[PDB]
Amino acid sequence: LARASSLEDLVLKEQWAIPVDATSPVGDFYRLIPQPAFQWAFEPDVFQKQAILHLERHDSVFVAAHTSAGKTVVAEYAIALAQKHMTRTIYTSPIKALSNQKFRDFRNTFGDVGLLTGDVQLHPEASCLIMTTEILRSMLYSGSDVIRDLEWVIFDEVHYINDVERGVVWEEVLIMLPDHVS
Amino acid sequence: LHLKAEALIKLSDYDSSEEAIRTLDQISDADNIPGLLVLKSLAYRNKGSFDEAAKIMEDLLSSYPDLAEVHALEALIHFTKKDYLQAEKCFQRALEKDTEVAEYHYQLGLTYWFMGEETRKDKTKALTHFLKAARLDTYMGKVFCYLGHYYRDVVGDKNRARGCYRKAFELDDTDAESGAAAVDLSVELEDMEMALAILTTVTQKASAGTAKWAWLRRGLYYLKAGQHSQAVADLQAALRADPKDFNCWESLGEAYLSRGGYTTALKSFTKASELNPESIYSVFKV
Amino acid sequence: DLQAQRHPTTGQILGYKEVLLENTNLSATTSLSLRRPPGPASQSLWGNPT
Amino acid sequence: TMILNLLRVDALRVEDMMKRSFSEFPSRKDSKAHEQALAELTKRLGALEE
Amino acid sequence: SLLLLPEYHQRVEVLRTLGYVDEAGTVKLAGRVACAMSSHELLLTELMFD
RNA sequence: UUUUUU
């Protein structure tokens, strides 16, 4: 086109640690995230809402709360996202007896949850392996091909870094972790 | 009561499907008054449902179109031509174009005639020039952008088609054809560092999902380059938009397999083949 | 490897063409990247020298 | 065991881990500022007459 | 500057006086045995070899 | 005189 061509073209023309506010930010938890990966029997509180809001974007939170039962909402929303994306997640606890009922509760709440300890080795093929940190430190030094599929590593009781004979394990782990693992 | 009546009639004409079609019938009854030449337009809207309402719509249009129904009778004949084959269209186009000589009021009859004619007629001057006149008659609100989009479908100087795709997506936002076509044909063109800017901008105003057409393209754009982290995140967002499209699952599986992951790629490919079991590539990849 | 082809728009496998692999001669006991071959076999999870 | 598992690998040195430890964080916090200050004060010495 | 560097040097010497590390730090067979061991690596591998 | 893991 010659006259139509003109008649159409004339019409066409650093900080690295962000201290998120305790009480203020979240006003719209349901405007975005309308299809939550996990459904509770109650309402998530303010800090649990903020942690979930950052877990959606594949960030790396550092929750520091008082009671252990307020934190496990974050620790199982991360496992619901891991099961939604087909990836894998590692939950690591220091005490051998604490990581048994966690196995029971995570297997009762959803799907497949393997457990690895000094003697137990239930289902080393699931997507929610529960371990003691000395086993993750031992399979980070070799490859172990489980590290190829991780998304989240949920360090459970991170105030054991202060221990005198085991505080070096938490820092060998936090140093040797590759970059694609939140 | 004048301003409200016109708004109600326009809403009835422009409303949703059969339940809203019944709502439109209720609105027409609520505004059962003089100037019945709008009822036929409501009838045309009722034809958008064609279930227990088109027959009433046909009767309502026939009843209303009594004295002249000049625009209404020609438009109704064009609608009948659309329901039938393009035979009636040849008569309607000539009569409407000869009688109502305009560009913007004529643009509605031009779009109806082009929709009837597009079946078989070539129409290099009857409808294509009609769409050109409709593009010269570009209205302020939601009345002539879709015509320009439909005018630039596959041919006729695709470079201005890319320009009026960008304009037809900038003006008309709800549709996810002109924008997708615009970015696709643009990336078909030489320039590459321009598609990414468009996708980033569209993604920013994406509230929660409902932009799968954007997420998917940008994920592929990151997959052609070696940027697997961004590609994986983008494709995960696209699948959260709609977790049934096998193309997304297959492309995400390829993304996982490009970088390390082997059993997560396996899981995604199995899910991709599980639905749409016709695709051989997915089962082979598993 | 005989990799697939993709139609540049609305990708469909036109045909399979052979291309050159690039990350061979990499092994699990001499390279530390996520491109090395997976491993020997099903294997002990931890405690593995070499 | 740490020394053995790092001597074993060739591209990793044991001093990498000591540099990256939390007990070295105060000393090693501003390393990029030290290196840029070094490279930009070496320029300033090139000034004085001989 | 590293506070623990001399202790690393002393550990490497203790390793090399037993037969676990060659000169210039390359792991020997005894080193790879004590590498993949749970606890008391030095004493257990010494008991085994003796 | 409490507590613990490869």
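Calculation rules
- Residues numbered from 1 in each chain as written, not as in the entry; some residues may be left out.
- Chains lettered and ligands numbered in written order.
- Part of a larger assembly, values for the part shown.
- Heavy atoms only, no water.
- Residues with missing side-chain atoms left out of burial classes, pairs and counts.
- Contact = heavy atoms within 4.5 Å.
- Nonpolar A, V, L, I, M, F, W, Y, C, P; charged D, E, K, R; others polar.
- Pairing = 2+ DSSP bridges.
- Helix = DSSP H or I, 4+ residues; strand = E, 2+ residues; numbered from the N terminus.
- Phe/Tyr/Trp six-rings, centres within 6.5 Å; stacked < 30°, edge-to-face > 60°.
- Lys NZ or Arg CZ within 6 Å of the ring centre and 35° of its normal.
- Polar contact = N/O pair within 3.5 Å; in protein donor to acceptor, adjacent residues only side chain to side chain.
- Axes fitted to C-alpha atoms, helices over the stretch in contact; angles between N-to-C directions.
- Parallel < 35°, antiparallel > 145°, perpendicular 65-115°, else oblique.
- Left-handed = near helix turned anticlockwise from the far one by under 90°.

- Structure determination for the deposited model, as stated in its record, used cryo-EM, and the stated resolution is 3.1 Å.

So, the interface of chain A and chain B
Step number 1: Contact with chain A, which involves 18 residues of that partner, is made by 14 residues of chain B.
Step number 2: The class makeup of the residues in the side of chain A that touches chain B is 6 nonpolar, 5 polar and 7 charged.

Some remarks on the interface of chain A and chain C
Step number 1: With 11 residues of chain A at the contact, the number on the chain C side is 10 residues.
Step number 2: When its residues are assigned to classes, the side of chain A that touches chain C shows 4 nonpolar, 5 polar and 2 charged.

Focus: the sheet that holds strand β2 (residues 130–131) of chain A
All names here are of chain A.
Step number 1: Ordered in space as β2-β1-β3, the 3 strands form an open sheet in which the pairing is parallel. The outermost strands of the open sheet, each flanked by one partner alone, are β2 and β3 (150–155).
Step number 2: Sheet analysis places strand β1 (residues 88–92) next to β2, joined by 2 bridges and oriented parallel. Considered in β2, the bridge of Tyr-91 is made with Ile-130.

Here we look at the packing of aromatic side chains
Step number 1: Each ring, one from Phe-38 of chain A and one from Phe-110 of chain A, has its centre 6.3 Å from the other, and the planes form 90°; the classification is edge-to-face. Here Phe-110 of chain A lies in the loop between α4 (98–109) and β2 and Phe-38 of chain A lies in the loop between α1 (3–12) and α2 (46–55), a separation of 72 residues in the sequence.
Step number 2: Judged by centre distance (5.8 Å) and plane angle (80°), the rings of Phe-169 of chain B and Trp-213 of chain B are edge-to-face. Here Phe-169 of chain B, found in helix α10 (residues 158–171), pairs with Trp-213 of chain B, found in helix α13 (residues 212–224); they are 44 residues apart in sequence, far enough to count as distant.
Step number 3: An aromatic cluster is present here, built from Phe-38, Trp-40, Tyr-77, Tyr-91, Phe-106 and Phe-110 of chain A joined pairwise through their rings.
Step number 4: In this structure, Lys-29 of chain D is placed above the aromatic ring of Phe-25 of chain D, and the distance from its NZ or CZ to the ring centre is 5.0 Å.

Comments concerning the environment of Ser-268 of chain B
Residue and element names in this part refer to chain B.
Step number 1: Tracing the sequence through the fold places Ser-268 in helix α16 (residues 263–274).
Step number 2: In this structure the C-alpha to C-alpha distance between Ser-268 and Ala-126, which are 142 residues apart in sequence, comes to 51 Å.
Step number 3: Excluding residues that lie within four positions of it along the chain, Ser-268 makes contacts with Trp-249, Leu-252, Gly-253 and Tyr-256.
Step number 4: For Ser-268, the side chain forms a polar contact with the main-chain oxygen of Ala-265, separated by 2.8 Å.

Looking at the packing of helix α15 (residues 246–258) of chain B against α16 of chain B
Residue and element names in this part refer to chain B.
Step number 1: The N-to-C vectors of α15 and α16 enclose an angle of 165°; their axes lie 8 Å apart at closest approach. In terms of axis orientation, α15 runs roughly antiparallel to α16. α16 is crossed by α15, and the crossing has left-handed handedness. Only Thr-264, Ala-265, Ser-268, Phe-269, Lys-271 and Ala-272 of α16 make contact with α15, whose side of the interface consists of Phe-246, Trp-249, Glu-250, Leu-252, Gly-253, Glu-254, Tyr-256 and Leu-257.
Step number 2: Of the residues assigned to the contact of α15 with α16, the class counts are 8 nonpolar, 3 polar and 3 charged.

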